[PDB]
Asker: 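Take a look at this one; I'll ask things after.
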Amino acid sequence: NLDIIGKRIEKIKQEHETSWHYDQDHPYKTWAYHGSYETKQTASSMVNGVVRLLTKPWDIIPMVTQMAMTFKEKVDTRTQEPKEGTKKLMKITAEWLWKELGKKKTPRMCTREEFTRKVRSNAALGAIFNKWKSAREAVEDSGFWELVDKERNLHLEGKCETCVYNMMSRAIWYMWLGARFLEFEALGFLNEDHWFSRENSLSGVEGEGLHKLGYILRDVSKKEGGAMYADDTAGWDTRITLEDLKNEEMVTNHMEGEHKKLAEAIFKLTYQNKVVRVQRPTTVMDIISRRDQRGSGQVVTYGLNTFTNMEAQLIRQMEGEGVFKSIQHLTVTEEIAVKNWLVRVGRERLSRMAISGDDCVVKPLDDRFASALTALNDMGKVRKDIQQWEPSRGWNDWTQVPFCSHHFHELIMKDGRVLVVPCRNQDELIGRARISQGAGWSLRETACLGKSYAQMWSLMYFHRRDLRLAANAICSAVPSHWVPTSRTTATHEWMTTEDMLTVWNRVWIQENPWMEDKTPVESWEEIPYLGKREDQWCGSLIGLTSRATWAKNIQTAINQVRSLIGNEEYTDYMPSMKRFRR
Ligand SMILES: Clc1cccc2[nH]cnc12
Ligand SMILES: [Zn+2]
Ligand SMILES: [Zn+2]
């Protein structure tokens, strides 16, 4: 308790001395309270006019229009320590898993050089804006690294000072840029050297990208077994138990020297002990500790979520296969079987799973999995939108399975070659493209974000009619040579000024390991759509008056935007479409 966290606590206490008080009406139970000090201040979702002007029919679809307008009583719930039988299975699996992830990997500290190169190309590392201003500035200053160094040597002694979380079904936990570095130095390797690639982790999909996920599920489907299950966990970050945080820490048994200690520090002092600063209108800043839950770097979170989820799902598989009988206690002769299962078939069982953070698809050996819930529910990994003890509804077709907000279509090119293409409700896709995050955007920046979306649609969602059209319109309405932008950057191959037909060929034909014939496609008309009825089901306006008026007169919308932007150099991309071709 207060020995490990109190130092950090005292330091803030003293900086806001003229304000301190123990508020006798503090709304926490599960969060350990400490006090309050005076503040007064807060970003909301602005509309992108380049994208909106070029998608007029949607100005009247509420599912689209509402997306641009607008539980903290779930971060304040407490998870129950698992049984002795559960806690044993988790610890055995974590060991075997970590060793497997490390069989062909070397843990290693990430560097200041690598950290600087991250910041000098916009990758949301979650910092605060105060002694400097932006991320860029502070990295180029030497004083910073003297503060970073103090804390680094502090960590080598097992004490912490400036590493405090800032809260703001999502809960974002911004840290000050220094503690970010040190979190990155120790654990960045997990991300940077791809510990959860599919090659390496067998269940994982890090670095895979939306044009592979579909092919991966279809490969999974090919295994002999039961239904594909895809259970969403209810508030996964909040259901991370202290035993989870401890099994994750077992990565350090793979380390040495300076590293092993620094890794051990981050886990000990920031992950398995926490300190956080939250707003409250009655306006103040409450300083609260808790020992468990997730509250890390958005990246490390991903890797450790994937790891613990991989673990849960091997175990739930075990309960289905009847490897263990009860979670109340493991017999010694049950350990020998649990251990031998992992060694005999564990790798094969990882290959029946596609896991991306809190998100999974399991094709288990049979449908006993569906009702194997004791370990799952006892680990705290309790299922969303279904009763605790009601068995899992599982999917019979891989083209129906939800995965990373998407579903995946099989789609036969006019030449017999097979595309597996990502997809989701068109109102969702068009709604996101109509939205920008932040203040002080120029028409040029707004235009270049519009372009980023258009090029994604062209690469990923070319098979949806409204999107190939809106995409050609946007790319026509925005100067040909202006570069796509994005303030919060998976593989993102649409971020480029290259010919989008050339990028398509490289991605879907040339580099696509599931495509044997490498015959490049010569024009967009060779590139097919979903069925017209399939397009409507996935939220197309094809067949409506308004949609046809829009298509008819598209060149008039394109010019409207061109007129606002100015006398630049523009290309007409609509003659790539059969119907705008004479
Ligand atoms: Cl002790 C231990 C950890 C991970 C994997 C293993 N295989 C055999 N023994 C093992
Ligand atoms: Zn620290
Ligand atoms: Zn679809």
Side-chain angles (χ1 to χ4, degrees), residues 118 121-124 190-221 230 298-299 301-303 305-306 309-310 350-351 353-361 398-399 401-411 413 417-424 428-429 432-433 449 451-464 467-468 471 484-516 518 520-521 527 530:
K118 252 187 146 51
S121 50
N122 300 15
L190 286 175
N191 175 236
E192 285 298 323
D193 317 325
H194 310 299
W195 271 55
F196 307 98
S197 77
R198 197 161 185 82
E199 195 189 54
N200 196 63
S201 66
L202 295 206
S203 285
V205 286
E206 193 276 319
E208 267 317 300
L210 196 51
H211 55 279
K212 318 266 281 293
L213 300 202
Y215 281 115
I216 284 171
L217 299 188
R218 182 185 72 171
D219 278 1
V220 170
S221 104
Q298 48 195 114
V299 177
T301 289
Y302 179 85
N305 283 352
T306 305
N309 202 357
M310 273 173 81
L350 289 173
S351 77
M353 301 198 295
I355 299 166
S356 188
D358 60 10
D359 202 4
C360 75
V361 174
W398 67 268
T399 69
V401 165
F403 188 48
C404 308
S405 301
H406 280 84
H407 59 267
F408 298 83
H409 291 257
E410 211 159 37
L411 168 50
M413 286 184 72
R417 289 184 302 179
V418 179
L419 304 173
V420 180
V421 299
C423 185
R424 71 194 277 196
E428 296 171 24
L429 287 175
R432 303 167 96 73
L449 182 51
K451 193 156 170 191
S452 286
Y453 272 104
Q455 295 199 144
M456 180 187 54
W457 291 350
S458 260
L459 218 16
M460 298 289 103
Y461 308 124
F462 49 86
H463 50 90
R464 315 294 307 285
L467 285 197
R468 193 191 298 206
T485 57
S486 213
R487 289 195 187 176
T488 60
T489 65
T491 76
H492 282 211
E493 295 90 336
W494 60 83
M495 302 295 290
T496 164
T497 58
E498 198 172 355
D499 193 19
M500 273 301 140
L501 184 44
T502 313
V503 184
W504 194 97
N505 261 304
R506 175 184 300 121
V507 152
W508 282 106
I509 309 299
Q510 197 194 114
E511 296 197 328
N512 176 346
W514 289 280
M515 181 75 77
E516 199 157 282
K518 303 302 204 178
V521 164
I527 294 167
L530 300 175

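One-based numbering along the sequence shown. Just so it is clear, the values below take in all heavy atoms, side chains as well, and ignore hydrogens, waters and symmetry mates.
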Asker: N305 vs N309, test: side-chain contact (heavy atoms from CB on, under 4.5 Å). Steps then yes/no.
Answerer: CA-CA 6 Å; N305 283 352; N309 202 357; 5.9 Å; no
Asker: Please verify the inter-ring angle class for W514 with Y215; under 30° counts as parallel, over 60° as perpendicular, anything in between as tilted.
Answerer: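 Parallel: the ring planes of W514 and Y215 meet at under 30°.
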Asker: Could you pull out all residues at least two apart from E511 that satisfy salt bridge (charged side-chain N to carboxylate O under 4.0 Å, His left out)?
Answerer: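 Counting only residues at least two positions away or on another chain, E511 forms no salt bridge (charged side-chain N to carboxylate O under 4.0 Å, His left out).
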Asker: Sub-3.5 Å donor-acceptor pair from the side chain of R468 to the main-chain atoms of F462, do we have one?
Answerer: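 Yes, because the side chain of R468 sits within donor-acceptor range (under 3.5 Å) of the backbone of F462.
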Asker: Are more than 12 heavy atoms from other residues, nucleotides or ligands located less than 6.0 Å from atom CZ of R424?
Answerer: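 For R424, atom CZ is crowded (more than 12 foreign heavy atoms under 6.0 Å).
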Asker: Taking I355's backbone N and O only, do any of them form a donor-acceptor pair with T306's side chain (distance below 3.5 Å, no angle check)?
Answerer: no
Asker: I'd like to check the side chain to side chain contact (heavy atoms under 4.5 Å, CB included) partners of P520; sequence neighbours left out, ordered by chain and number.
Answerer: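 Result, side chain to side chain contact (heavy atoms under 4.5 Å, CB included) vs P520: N505.
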Asker: Apply side chain to side chain donor-acceptor pair (under 3.5 Å) to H406 and list each qualifying residue two or more places apart in sequence or on a separate chain.
Answerer: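 Once residues adjacent in sequence are excluded, the partners of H406 under the side chain to side chain donor-acceptor pair (under 3.5 Å) criterion are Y461.
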Asker: Would you sort out whether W494 and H492 count as a side-chain contact (heavy atoms from CB on, under 4.5 Å), showing the intermediate values?
Answerer: CA-CA 6 Å; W494 60 83; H492 282 211; 3.6 Å; yes
Asker: Between the side chain of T399 and the main-chain N/O of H409, is any donor-acceptor distance below 3.5 Å?
Answerer: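 Not a single qualifying donor-acceptor pair exists.
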Asker: When rounded to the nearest 0.5 angstrom, what distance separates OG in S356 from CD in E206?
Answerer: 9.0 Å
Asker: Any ion pair linking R506 and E498 (charged N to carboxylate O, less than 4.0 Å)?
Answerer: yes
Asker: What is the distance from atom CZ of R464 to atom CH2 of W457, rounded to the nearest 0.5 Å?
Answerer: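 The CH2 atom of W457 is 11.0 Å from CZ of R464, to the nearest 0.5 Å.
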Asker: Quick one, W398 with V220, criterion side-chain contact (heavy atoms from CB on, under 4.5 Å). Give me CA distance, side-chain angles, the key distance, then yes/no.
Answerer: CA-CA 9 Å; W398 67 268; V220 170; over 6 Å; no
Asker: Supply the atom-to-atom distance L429 CG to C423 SG, rounded to the nearest 0.5 angstrom.
Answerer: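 Atom-to-atom, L429:CG and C423:SG are 7.5 Å apart.
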Asker: Any side-chain to backbone donor/acceptor pair from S458 onto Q455? Under 3.5 Å, distance only.
Answerer: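 No; zero donor-acceptor contacts below 3.5 Å.
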Asker: Find the distance between NZ (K518) and CZ (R417) and round it off to the nearest 0.5 Å.
Answerer: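 That separation rounds to 9.0 Å.
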Asker: Under the side-chain contact (heavy atoms from CB on, under 4.5 Å) rule, what do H211 and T491 come out as? Steps first, then yes or no, please.
Answerer: CA-CA 9 Å; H211 55 279; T491 76; 3.5 Å; yes
Asker: Look only at the side chain of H463 and the backbone of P422, and say whether a donor-acceptor pair between them is shorter than 3.5 Å.
Answerer: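 Checking the backbone N and O of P422 against the side chain of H463, a donor-acceptor pair under 3.5 Å is found.
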Asker: Could you state the interatomic distance from CG (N200) to NE2 (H194), rounded to the nearest 0.5 Å?
Answerer: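 Separation between the atoms: 10.5 Å.
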Asker: Rounded to the nearest 0.5 Å, how far apart are OG1 of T488 and CD of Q298?
Answerer: 8.5 Å
